[PDB]
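To start, the structure under review is shown below, and the notes come after it.
Values quoted throughout were computed directly from the atomic coordinates according to the rules given, and no laboratory measurement underlies them. Reconstructed Cβ throughout: ideal geometry from the backbone, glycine too, with neighbour counts over all protein chains shown.
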RNA sequence: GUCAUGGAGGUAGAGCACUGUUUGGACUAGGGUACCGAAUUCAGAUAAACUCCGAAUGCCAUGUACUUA
RNA sequence: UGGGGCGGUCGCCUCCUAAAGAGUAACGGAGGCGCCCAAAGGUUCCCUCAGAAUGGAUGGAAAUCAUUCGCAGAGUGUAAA
RNA sequence: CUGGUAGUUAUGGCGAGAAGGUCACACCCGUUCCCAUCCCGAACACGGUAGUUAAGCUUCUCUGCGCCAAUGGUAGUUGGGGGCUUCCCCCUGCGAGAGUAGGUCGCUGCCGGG
Ligand SMILES: [Mg+2]
Ligand SMILES: [Mg+2]
Ligand SMILES: [Mg+2]
Ligand SMILES: [Mg+2]
Ligand SMILES: [Mg+2]
Ligand SMILES: [Mg+2]
Ligand SMILES: [Mg+2]
Ligand SMILES: [Mg+2]
Ligand SMILES: [Mg+2]
Ligand SMILES: [Mg+2]
Ligand SMILES: [Mg+2]
Ligand SMILES: [Mg+2]
Ligand SMILES: [Mg+2]
Ligand SMILES: [Zn+2]
């Protein structure tokens, strides 16, 4: 139900963050705008 | 013929850590607490778990704010 | 007062069936009838049975013969 | 028999909510605003000493103009900044006073920014 | 504003010299009118919750707003949250026209019209009212309403005691 | 017998009985009363026995007051059980009486039968008492 | 170590201002009059896991004080 | 481990014991945890609870409405402080 | 005399009674626009002064509630010494809680008008 997920840069493709989500509340893939160290700017991240 | 008790936590060493009138270095802890037993005054900030620290070098002075409360301040 | 929520409240005149007094009122329905009431302004009209005619403060079946006879169109 | 909620009392309750985070110091004083149903007042205060430095209001002997009393705040804001600059004040903080930063108080603030006052 | 004409030009002048009020500012006057339904059958009758909402609006014209419970009671298996009742606030000029559909039209229409309670005062200056059948308004359709619910109508006046409060409405007109 | 209807905790400390009585060191309701001179625990059984013997002599004439109540409870262990393995189960209820506390009251009877009734009550209690009167 | 000064901390004691326990009276809006669902009030008690209060000691620190390692 | 065995316990959080700084034991007295939340996080703006009485209602002691009194007698995801 | 704006442990509060006022401040009127209501120009927002001191506000009086508070005595207790040791007594230093004589219907700073 409450699993661990990893977020991936939509441009780079490198996993950068790990969070949690509810499987039966957010069955889709979460998308958040986080900071990407490789590009040194805010880039959209979505779950693998 | 048995007891269901026998459990206790680990003590958290709360209470004051610096005395009134004592010169104190910036960034040092002054009072560890749960909740807000003493409010942060001048040059004093409250941390995540309510520990009052000092922002600048000075002299610790515990002092009384309004009728039913206390605060701690640091004066250069 | 916010736009797009409340139905209309344009004024409509109100009358009786026996005394037939032209009384102003605010309502959302015009009773499919309208009059040039008051000083040259166009106000709809409501018709219903005796209201406040008595209010406990004022034969061929009686109405059986009268209502059916008037119903003859 | 509904009793009416006092206007000033409720405003004073909202006044202290902002006033916790805003206090005027000697170097960076506080600009206060009191709005009345017929006038509007502005004041510059340094709360460390409890002293008023400079002020102006829609009651002075000049700028006589009452164009719906909304642009009168613009004139009032034009005097406090001028008097602050004359007295050597550079930067301040806007004390909303418990009102809403929308209308008359917005216009007063906008005029001060254009003239010699730094926010 | 037909009642307002009497209220502003005929009712009030007969009160200033009647109770020796030191100023017109002490003359009692209407403040607001409210309507409450409290149809609690929405625990299972989901459609009925919104069924009477549009019915209540047509009596006034303003959109009613959904009112939810304040807590949960085990006796009536009530859970916090579900719509329980509706709110309509007649305010402003509306205390001068909506009641005209009452004191002239509504009460004569009821099947057993005899009058209003002379004692139905809260004890401090307000007056309430009750209706037992939901098709009393002049702008209601008999065939369009499937269910009937008991309403609560409250008239709020700035009167300080039940003496003057009764005799403004008595002068305003109803048994 | 006087027992509390319910208690927050079933087990309590034994406590101590040093010092003077905090309150109730004077007669207020009746006109005669038994005053403790020493200090000891008084169970609820001794309260009952000292009361039946106290109203029976009065032939149910006049009102008596009980100025103490057995709030605290005490435990005990069965014979044949070694030390440890928890605490014992509660047995009775006691009222620790420090010296100078009035335990009983008499009113509505003459001088002669008030002193005699108190005398029979005192022989059922484990403390040294004294008959005291109001003013 | 003592002296002067400044502090943090709720123990002993006491108290009913909150929470439990409890005595005797006036008290039964309403259930069918404690049998109360009970509540108001007067007077009087009780507490390690109650506190409107609250010491003696102990502890932390400053001093320019006096003595001593 | 008030001999050993049978029984019970083994890690973390909260209160009392704990003797008014901190710390302090017993197979001493009471309870919880091995999570949850995509908003139950951030920020800006706004306001205030429980309960009781009173009049009207389908609707009753207790559902929703109005007034009055009301320093928390509520609430704070969950146990206690 | 009044309108703003701060400090100060409620001796500053609560309750009660009276006087005052367009110079301020409010109550008040209306909703064209900026903005606004889970509906409601009630509040918020805007536009003004036909009416008003009945409210808020200012001044004046109180001890009814609350708050503050001695002196003396008492409980307790560090140090020393005794007992008949559930505990109790003596000397020196410290010294409450409760109760009470008593005080209280505030004291200071800045700015603008009359
Ligand atoms: Mg702990
Ligand atoms: Mg935090
Ligand atoms: Mg955290
Ligand atoms: Mg105070
Ligand atoms: Mg000292
Ligand atoms: Mg004690
Ligand atoms: Mg200690
Ligand atoms: Mg400790
Ligand atoms: Mg367990
Ligand atoms: Mg004048
Ligand atoms: Mg327009
Ligand atoms: Mg003394
Ligand atoms: Mg004292
Ligand atoms: Zn990237």
- Can residue E:97 be described as crowded, with 19+ Cβ neighbours inside 10 Å and within 12 Å of another protein chain (Cβ to nearest Cβ)? yes
- Taking region B:45-69 as the region of interest, how many residues are within 16 Å of RNA strand I (Cβ to nearest atom) and surrounded by 15 or more Cβ atoms within 10 Å (Cβ to Cβ)? 2
- Query: Of these, C:61, C:4, which one is away from chain E (no Cβ under 13 Å) and in a loop (DSSP other than H, G, I, E, B)?
  - Reply: C:61
- If you scan region E:117-155, which residues turn out to be closer than 26 Å to residue C:51 by Cβ, under 14 Å from the mean Cα position of the chain (by Cα) and surrounded by 14 or more Cβ atoms within 10 Å (Cβ to Cβ)? E:127, E:128, E:129, E:131, E:134, E:136, E:137, E:151, E:152, E:153, E:154, E:155
- Message: Quick check on this structure: which one of D:17, D:28 is part of a helix (DSSP H, G or I), surrounded by 10 or more Cβ atoms within 10 Å (Cβ to Cβ) and more than 6 Å from RNA strand I (Cβ to nearest atom)?
- Response: D:17
- Message: From the list B:42, B:3, exactly one residue is within 14 Å of another protein chain (Cβ to nearest Cβ), away from ligand 14 (no atom under 16 Å from the Cβ) and within 30 Å of residue F:83 (Cβ to Cβ). Which is it?
- Response: B:3
- Message: Return the residues of region F:106-117 that are under 12 Å from residue F:55 (Cβ atoms) and either within 16 Å of RNA strand H (Cβ to nearest atom) or touching a strand residue (DSSP E or B) at 6+ places or on another chain (Cβ under 8 Å) (or both); say none if nothing qualifies.
- Response: F:106, F:108, F:117
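Kindly evaluate residue C:51 against the criterion of being facing another protein chain (nearest Cβ under 7 Å) and closer than 18 Å to residue E:136 by Cα.
Answer is yes for this residue.
Select from region D:36-54 the residues that are within 24 Å of residue D:9 (Cβ to Cβ) and either in contact with a strand residue (DSSP E or B) (Cβ under 9 Å, 6 or more places away or on another chain) or not in a loop (DSSP other than H, G, I, E, B) (or both) and list them in ascending order.
D:39, D:40, D:41, D:42, D:43, D:45, D:47, D:52
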- Query: Of all residues in region C:39-48, which are within 12 Å of chain E (Cβ to nearest Cβ) and part of a loop (DSSP other than H, G, I, E, B)?
  - Reply: C:48
- If we keep just the residues of region F:49-64 that are under 11 Å from residue F:108 (Cα atoms) and out of contact with any helix residue (DSSP H, G or I) (no Cβ under 8 Å at 6 or more places or on another chain), which is surrounded by the most Cβ atoms within 10 Å (Cβ to Cβ)? F:62
- Contact list, first residue from region C:14-32 and more than 10 Å from every other protein chain (Cβ to nearest Cβ), second anywhere and exposed (fewer than 15 other Cβ atoms within 10 Å of the Cβ) and not in a loop (DSSP other than H, G, I, E, B), beta-carbon distance below 6 Å, six or more apart or interchain, is C:15/C:47
- Could you say whether any residue in region E:19-40 is surrounded by 15 or more Cβ atoms within 10 Å (Cβ to Cβ) and assigned to a helix (DSSP H, G or I)? yes
- Item | The listed residue being more than 14 Å from chain D (Cβ to nearest Cβ) and assigned to a helix (DSSP H, G or I), out of E:148, E:103 | E:103
- Task: Starting from region A:18-32, keep only residues that are on the phi < 0 side of the Ramachandran plot, then list their pairs with residues that are assigned to a loop (DSSP other than H, G, I, E, B) whose Cβ atoms are within a distance under 9 Å, requiring at least 6 positions of separation or different chains.
- Result: A:19/A:30; A:21/A:30; A:22/A:1; A:23/A:1; A:24/A:1; A:25/A:1; A:29/A:48; A:31/A:10
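Conditions tested, residue by residue: (1) near RNA strand H (Cβ under 10 Å from one of its atoms); (2) out of contact with any strand residue (DSSP E or B) (no Cβ under 6 Å at 6 or more places or on another chain).
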| site | (1), (2) |
| --- | --- |
| B:3 | yes, yes |
| B:11 | yes, yes |
| B:20 | no, no |
| B:30 | no, no |
| B:44 | no, no |
| B:67 | no, yes |
| B:71 | no, no |
- Say we look at region B:6-35 and pick out the residues that are loosely packed, with under 13 Cβ neighbours inside 10 Å and away from ligand 1 (no atom under 16 Å from the Cβ); which of these is nearest to residue F:79 (Cα to Cα)? B:19
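Results for (1) touching a strand residue (DSSP E or B) at 6+ places or on another chain (Cβ under 7 Å); (2) away from every other protein chain (no Cβ under 12 Å); (3) within 25 Å of residue C:7 (Cα to Cα), shown as yes or no for each residue.
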| site | (1), (2), (3) |
| --- | --- |
| E:21 | no, yes, no |
| E:31 | yes, no, yes |
| E:34 | yes, no, yes |
| E:37 | yes, yes, yes |
| E:41 | no, yes, no |
| E:44 | no, yes, no |
| E:48 | no, yes, yes |
| E:58 | no, no, yes |
